[PDB]
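Quick heads-up: it's one chain on its own, the form deposited in one PDB entry, in structure tokens.
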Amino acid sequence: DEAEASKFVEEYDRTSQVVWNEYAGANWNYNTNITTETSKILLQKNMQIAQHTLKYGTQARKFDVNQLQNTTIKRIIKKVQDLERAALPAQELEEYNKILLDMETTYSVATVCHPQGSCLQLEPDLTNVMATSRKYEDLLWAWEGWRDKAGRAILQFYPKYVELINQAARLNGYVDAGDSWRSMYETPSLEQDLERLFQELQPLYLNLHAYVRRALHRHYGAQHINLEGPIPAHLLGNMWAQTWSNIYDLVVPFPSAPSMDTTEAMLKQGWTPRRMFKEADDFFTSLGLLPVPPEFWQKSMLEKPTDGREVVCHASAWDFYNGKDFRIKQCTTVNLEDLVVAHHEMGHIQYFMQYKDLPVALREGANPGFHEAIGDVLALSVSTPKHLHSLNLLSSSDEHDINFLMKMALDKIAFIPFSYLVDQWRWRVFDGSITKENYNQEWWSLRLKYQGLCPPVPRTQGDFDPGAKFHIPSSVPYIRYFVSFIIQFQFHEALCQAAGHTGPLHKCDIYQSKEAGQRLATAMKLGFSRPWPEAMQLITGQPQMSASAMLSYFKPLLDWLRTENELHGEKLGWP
């Protein structure tokens, strides 16, 4: 009966608002006031949402989705039959919940200490070391010590997590948890499509990699850099070598052309986290998109508090499932990286607002990549010389131009293979290809194959380097960021063209383009109501993911790199 399916999705939606609101409320109260009291309330709300998932999921499974006419009710009910972890029996779910809590807490309290002196946390202490030290050994101490204290301590938990997370997946009809995750894209050709895309970025990444490799050989010496080999994983300015912009100063194409201290200028000019978020809000409203509601300004946590309260710092954006209350929680630092991350979180928020009228089961991005790309699009524009000049964090030529593209490459191209490899790895863990006997070996095999990195210190039994990246102990899928990095350029190219921009794509700045706002709004309003190629068509006028836009943005940089690498006889890649 068509009418019994309408009634059920109606009830599911009313009761999910209540129960999902209560839980997000409590997970926030925890996340911005870690107590044991806020841990008790969080744990009680877990149960309550499991018990709601089970009730509604068991009812949804009694429907034959084959016999159901209405496509919206059909899609809603098929998602509700997926209970996730709530599929697990009582004991196993208790244990699943506790392992995730344990994993994340171990990552969060891990420090690295010097004998007789100070213990450094990841944020900001070790991050600063990796960003500003130019001494092999000091980079190594932080790189190895972070792996030693965070990675190794996670390993004890990881086999039981894989077993429970695959058990939930199988009870929802998937083969393993990697299957489940990939199913969010609704794209059977996903693994092929993804690989094609990564293969089109290889000329840019190999050329950038070779050139940076030569620059590290200049600074750190011939005995430490093989000009025909992988780069050591601790010399790229970042704990995971996922972005390389902190070594902009070793790799400047045109040192002759001086570029400003964005960070010194922000401090110098009395930039606060609040001003940083107000700039993002303004950019969105320049586009004709939506302003954050007053409530967001009052309830958000835009900076680390100083009232004693302890908090989880990792930047995240929060939907409270009532169409009114949205929040960012970020221990914002006053600089450029964090201004871009503020944009990224603000794009999460914009999406929440745009799709607040859909039923909650459709309150998600058209795919996870879409969710991650929105803010980055606005930020490509923010980061232009023309725009930074107008915030008065830059002054202002071809030299300046290649310099800008290099800065961008180090944040965008560099991240391409890293974002690809995380879930390459996890997918093989979940499918049983990789066992705990070779978690670590297979990590490094992929670090080599995709990124062209090696570990400065030979790894040993008990090492578990993936546990040293947040997203692994916290069980947050990562392929979304690879997708985002591709599609964000596609979105920029389209909005730029909507906005009437002529000439090279990288000089485009879309500030105040109502046309660009429109293209994005109508896609974001769709939520998860339709298969994603529809949202792509809306934005870009075609329905494929495509590296064309990215290659085109960096084309001047590719030309330069190729002439430069050729001039030095670089041998691209690494046997």
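Note that residue numbering follows the sequence shown and begins at 1. By rigid core we mean the largest C-alpha set that fits within 1.5 Å across both forms.
Omitted from view is the form deposited in another entry, to which the following refers.
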> In a superposition on the rigid core, which residue from 547, 34, 54, 521 has a CA displacement reaching 2 Å or more between this form and the one not shown?
Replying inline: 34
>> After a rigid core superposition, would you say the CA of residue 503 moves by 2 angstroms or more between this form and the one not shown, or not?
In response: no
>> On a rigid core superposition, would residue 308 pass a 2 Å threshold for CA movement between this form and the one not shown?
In response: yes
